[PDB]
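Protein chains in written order, with the authors' numbering: chain BS, 1 to 112; chain BJ, 25 to 161; chain BQ, 2 to 31, 33 to 118; chain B2, 2 to 53; chain BR, 1 to 101.
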Amino acid sequence: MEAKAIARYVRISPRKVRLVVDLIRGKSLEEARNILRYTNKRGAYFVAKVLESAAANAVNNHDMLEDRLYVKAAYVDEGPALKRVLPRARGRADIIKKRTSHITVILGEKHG
Amino acid sequence: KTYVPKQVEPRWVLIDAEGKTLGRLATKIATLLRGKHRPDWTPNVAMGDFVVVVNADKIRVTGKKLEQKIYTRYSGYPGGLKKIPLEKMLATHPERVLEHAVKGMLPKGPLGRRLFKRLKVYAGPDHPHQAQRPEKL
Amino acid sequence: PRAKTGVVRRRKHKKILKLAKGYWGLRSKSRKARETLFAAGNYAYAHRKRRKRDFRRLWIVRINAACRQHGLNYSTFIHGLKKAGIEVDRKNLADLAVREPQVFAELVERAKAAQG
Amino acid sequence: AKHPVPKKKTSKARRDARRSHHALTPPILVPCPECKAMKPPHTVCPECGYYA
Amino acid sequence: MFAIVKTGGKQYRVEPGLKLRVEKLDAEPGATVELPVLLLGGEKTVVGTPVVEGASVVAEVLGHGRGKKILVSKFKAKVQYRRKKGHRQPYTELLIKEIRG
RNA sequence: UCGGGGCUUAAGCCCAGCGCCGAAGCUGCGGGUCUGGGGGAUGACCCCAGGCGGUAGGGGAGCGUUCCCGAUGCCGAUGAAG
RNA sequence: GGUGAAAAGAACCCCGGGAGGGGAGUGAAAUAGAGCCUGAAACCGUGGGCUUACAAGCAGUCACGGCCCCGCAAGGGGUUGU
Ligand SMILES: [Mg+2]
Ligand SMILES: [Mg+2]
Ligand SMILES: [Mg+2]
Ligand SMILES: [Mg+2]
Ligand SMILES: [Mg+2]
Ligand SMILES: [Mg+2]
Ligand SMILES: [Mg+2]
Ligand SMILES: [Mg+2]
Ligand SMILES: [Mg+2]
Ligand SMILES: [Mg+2]
Ligand SMILES: [Mg+2]
Ligand SMILES: [Mg+2]
Ligand SMILES: [Mg+2]
Ligand SMILES: [Mg+2]
Ligand SMILES: [Mg+2]
Ligand SMILES: [Mg+2]
Ligand SMILES: [Mg+2]
Ligand SMILES: [Mg+2]
Ligand SMILES: [Mg+2]
Ligand SMILES: [Mg+2]
Ligand SMILES: [Mg+2]
Ligand SMILES: [Mg+2]
Ligand SMILES: [Mg+2]
Ligand SMILES: [Mg+2]
Ligand SMILES: [Mg+2]
Ligand SMILES: [Mg+2]
Ligand SMILES: [Mg+2]
Ligand SMILES: [Mg+2]
Ligand SMILES: [Mg+2]
Ligand SMILES: [Mg+2]
Ligand SMILES: [Mg+2]
Ligand SMILES: [Mg+2]
Ligand SMILES: [Mg+2]
Ligand SMILES: [Mg+2]
Ligand SMILES: [Mg+2]
Ligand SMILES: [Mg+2]
Ligand SMILES: [Mg+2]
Ligand SMILES: [Mg+2]
Ligand SMILES: [Mg+2]
Ligand SMILES: [Mg+2]
Ligand SMILES: [Mg+2]
Ligand SMILES: [Mg+2]
Ligand SMILES: [Mg+2]
Ligand SMILES: [Mg+2]
Ligand SMILES: [Mg+2]
Ligand SMILES: [Mg+2]
Ligand SMILES: [Mg+2]
Ligand SMILES: [Mg+2]
Ligand SMILES: [Mg+2]
Ligand SMILES: [Mg+2]
Ligand SMILES: [Mg+2]
Ligand SMILES: [Mg+2]
Ligand SMILES: [Mg+2]
Ligand SMILES: [Mg+2]
Ligand SMILES: [Mg+2]
Ligand SMILES: [Mg+2]
Ligand SMILES: [Mg+2]
Ligand SMILES: [Mg+2]
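Below, the structure written as structure tokens:
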């Protein structure tokens, strides 16, 4: 058994959040919660929030037990980018990419 | 399909060096260094005999060579071309003279270097008294 | 009647790019592959002719390293056979040096006497 | 745009490689006297308080 | 019984019956063909003349068939020139039977 | 630094000899294609000899895309195109 | 420019401030879920197999060997050590 959770269209850069996710991949749920708590990064907040809901789904829809689940796997995916102009000296105009992310987290029953 | 060899125990050898002409010796040493003498030869695998030499200082060399022969050590730095004549080599570490001759006659590749290991050289004699020692000439 | 490019080009591409699978970087992910395949094709056809010379020499060494053990030059050896009139030992099957040494040995003796 | 300019597109391999030491490192935490809660060493903490 | 035999321009050793693949021949599907060509044997059949005199290895033409399609392809640079050409060699399935010298 | 190692009654130079290595040359075995000759009355297919590096170029024979006749047809949910 | 035959366009519960998900439900189909048919390529990512820290390279090719993978074997696929 496994419990998914997906945050689509998160205004935050993939490379950036990948770092945070990479911290918690394959960790005990309670262990992760703490990492995200005191880890110094914007990406944490987003990953934590999806991680947190990943648990709720594990419990309220998949009969899983909070005290026994972990991060079977997780990963962020790159979604559409918001292109924006940018006035540059001498007339040059540059397009800046405010990218977006698709954070995925999946939990799982430990062992027996 | 030609014969496909398999694991073989390293055949060691003991070689003298007194009076032996530097190069003429180095040739054989090289040829025995790679398993190129044994008919079960395979360039791919590399299974040459462990040649061990003794009495290095004894090496002969024809004509003006102790005085003429020059060795080049280039360091990365300017004017680091530092060059040393043959006589000086036998003064310092004499084993070098035979090494820098054998090394030159081994192939250039990675296993060629793996072969340079099979070669042991001293002047005494008195090798590390291991086990094998099949003398030769 | 207009005739779009349609499927045609896409198939021609992936067709090649399939051949080029296993290569390095863009070299196996684009029209770079083509260039790579050109070089490969020419390499094979040349390394085909090479493969012959490869084993020619591969064997020779073995033979020479073998009869030199009995005590003679590969050149000496062969000359005896060419004289003895025994096309038998095709240099490939001179690999007897490892399989059935004795047969090789008697072949040697034949060459010894065949010479003089 | 000026003098210094990348001579070649850096391969994806050579790219990822440079980002070798780029990886993050987990925070350091320890159980407190009060709650079982995990505090970072040498610190106070909310929902736990402290002494002296 | 290491008996050599030249056939198809190339020659090879032959075991007491075994599956072997040789150059194409004009034999029936599953018939029998004798290779008067023979060199050496199990007990040192020294081949006096080029080929051993009274002796022969026989084998059953197990069947014919083409083989793997190797791909020859020429290319010269700076000069529009490329030739794609497929080629698959034929070969008979000689199953060795008799090895009587 | 002679390509390097290394070489001195040579691993150098001259003179005489035998042997061997060595190309995609030549031979062997198999297969293409074309041209020529034959069998064959013949079409047909088989056999024999020869040619077949190639840019600008000239010549020949094919493959695929779109559309029309063949279609009031035929394939198609037991699955069309992609 | 194009959901589906029909809006049947996802009530209600759960996480979340929201966005977005997870169940449930509609539907033949929901990786047909709403700039939604099909959904290629470059490009980014997760998991697995082979591999790499004495090594010199237009990145391939030829050979042998090792490891994993389809088959009983003969064979074949993937990877790369020399
Ligand atoms: Mg990235
Ligand atoms: Mg909870
Ligand atoms: Mg500015
Ligand atoms: Mg840009
Ligand atoms: Mg002494
Ligand atoms: Mg200087
Ligand atoms: Mg100076
Ligand atoms: Mg020792
Ligand atoms: Mg001892
Ligand atoms: Mg076009
Ligand atoms: Mg040869
Ligand atoms: Mg660069
Ligand atoms: Mg990568
Ligand atoms: Mg990476
Ligand atoms: Mg404190
Ligand atoms: Mg207190
Ligand atoms: Mg007979
Ligand atoms: Mg096949
Ligand atoms: Mg060129
Ligand atoms: Mg030289
Ligand atoms: Mg020169
Ligand atoms: Mg002369
Ligand atoms: Mg004369
Ligand atoms: Mg002459
Ligand atoms: Mg001469
Ligand atoms: Mg003579
Ligand atoms: Mg003669
Ligand atoms: Mg003569
Ligand atoms: Mg001669
Ligand atoms: Mg020719
Ligand atoms: Mg004709
Ligand atoms: Mg007729
Ligand atoms: Mg007619
Ligand atoms: Mg012809
Ligand atoms: Mg149209
Ligand atoms: Mg019409
Ligand atoms: Mg249906
Ligand atoms: Mg179907
Ligand atoms: Mg189907
Ligand atoms: Mg169409
Ligand atoms: Mg079509
Ligand atoms: Mg519809
Ligand atoms: Mg609508
Ligand atoms: Mg409508
Ligand atoms: Mg939604
Ligand atoms: Mg559902
Ligand atoms: Mg469904
Ligand atoms: Mg769904
Ligand atoms: Mg897909
Ligand atoms: Mg659909
Ligand atoms: Mg959806
Ligand atoms: Mg939406
Ligand atoms: Mg439709
Ligand atoms: Mg991307
Ligand atoms: Mg990017
Ligand atoms: Mg390397
Ligand atoms: Mg079975
Ligand atoms: Mg097969």
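Ideal Cβ positions, reconstructed from N, Cα and C, are used throughout, including at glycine.
Given residue i as reference, the closest of the options once Cα atoms are compared
i	options	result
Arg137 (chain BJ)	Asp150 (chain BJ), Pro152 (chain BJ), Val85 (chain BJ), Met71 (chain BJ)	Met71 (chain BJ)
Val77 (chain BJ)	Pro131 (chain BJ), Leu46 (chain BJ), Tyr27 (chain BJ)	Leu46 (chain BJ)
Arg36 (chain BQ)	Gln117 (chain BQ), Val90 (chain BQ), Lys19 (chain BQ), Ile62 (chain BQ)	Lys19 (chain BQ)
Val46 (chain BR)	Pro2 (chain BQ), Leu83 (chain BQ), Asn75 (chain BQ)	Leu83 (chain BQ)
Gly128 (chain BJ)	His153 (chain BJ), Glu159 (chain BJ), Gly43 (chain BJ), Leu57 (chain BJ)	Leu57 (chain BJ)
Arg84 (chain BJ)	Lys44 (chain BJ), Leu105 (chain BJ), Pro67 (chain BJ), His117 (chain BJ)	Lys44 (chain BJ)
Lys82 (chain BJ)	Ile94 (chain BJ), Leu122 (chain BJ), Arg62 (chain BJ), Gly100 (chain BJ)	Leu122 (chain BJ)
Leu51 (chain BS)	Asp63 (chain BS), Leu82 (chain BS), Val17 (chain BS)	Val17 (chain BS)
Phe46 (chain BS)	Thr104 (chain BS), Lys72 (chain BS), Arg88 (chain BS), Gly112 (chain BS)	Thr104 (chain BS)
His87 (chain BR)	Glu34 (chain BR), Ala77 (chain BR), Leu62 (chain BR), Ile70 (chain BR)	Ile70 (chain BR)
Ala3 (chain BS)	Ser101 (chain BS), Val76 (chain BS), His62 (chain BS)	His62 (chain BS)
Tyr47 (chain BQ)	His64 (chain BR), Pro29 (chain BR), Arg66 (chain BR), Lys74 (chain BR)	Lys74 (chain BR)
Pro34 (chain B2)	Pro5 (chain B2), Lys13 (chain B2), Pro42 (chain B2)	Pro42 (chain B2)
Three-way DSSP call (helix, strand, coil) for residue i in this model
i	result
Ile62 (chain BQ)	helix
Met39 (chain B2)	strand
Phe57 (chain BQ)	helix
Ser77 (chain BQ)	helix
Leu56 (chain BJ)	helix
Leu161 (chain BJ)	coil
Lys10 (chain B2)	coil
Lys10 (chain BR)	strand
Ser13 (chain BS)	coil
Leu114 (chain BJ)	helix
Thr51 (chain BJ)	helix
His72 (chain BQ)	helix
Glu111 (chain BQ)	helix
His14 (chain BQ)	helix
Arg90 (chain BS)	helix
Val78 (chain BJ)	coil
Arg88 (chain BR)	coil
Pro29 (chain BJ)	coil
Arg137 (chain BJ)	helix
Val33 (chain BR)	strand
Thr44 (chain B2)	coil
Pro34 (chain BJ)	coil
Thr38 (chain BQ)	helix
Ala56 (chain BS)	helix
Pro103 (chain BQ)	helix
Residues that residue i bridges to, as DSSP identifies them
i	result
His102 (chain BS)	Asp77 (chain BS)
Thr96 (chain BJ)	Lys107 (chain BJ)
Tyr70 (chain BS)	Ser28 (chain BS), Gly108 (chain BS)
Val8 (chain BQ)	Answer by DSSP bridge pairing: none, since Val8 (chain BQ) is not bridged.
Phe75 (chain BR)	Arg82 (chain BR)
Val47 (chain BS)	In the DSSP output, where bridge partners are listed per residue, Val47 (chain BS) has none listed.
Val5 (chain BR)	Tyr12 (chain BR)
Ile39 (chain BJ)	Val77 (chain BJ), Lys160 (chain BJ)
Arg66 (chain BR)	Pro90 (chain BR)
Contact belief for residue i with residue j at Cβ below 8 Å, rounded distance in angstroms
i	j	result
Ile96 (chain BS)	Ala54 (chain BS)	Rounded, the Cβ-Cβ distance is 32 Å, inconsistent with contact.
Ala59 (chain BR)	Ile96 (chain BR)	5 Å
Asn79 (chain BJ)	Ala147 (chain BJ)	6 Å
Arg35 (chain BJ)	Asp73 (chain BJ)	5 Å
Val51 (chain BR)	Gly101 (chain BR)	The pair is not a contact, with the Cβ atoms about 12 Å apart (cut-off 8 Å).
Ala81 (chain BS)	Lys98 (chain BS)	7 Å
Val110 (chain BQ)	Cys69 (chain BQ)	6 Å
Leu25 (chain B2)	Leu23 (chain BS)	6 Å
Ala99 (chain BQ)	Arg64 (chain BQ)	6 Å
Near ligand 16, which residues have their beta-carbon less than 7 Å from any of its heavy atoms, given in chain order? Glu35 (chain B2), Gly50 (chain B2), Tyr51 (chain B2), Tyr52 (chain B2)
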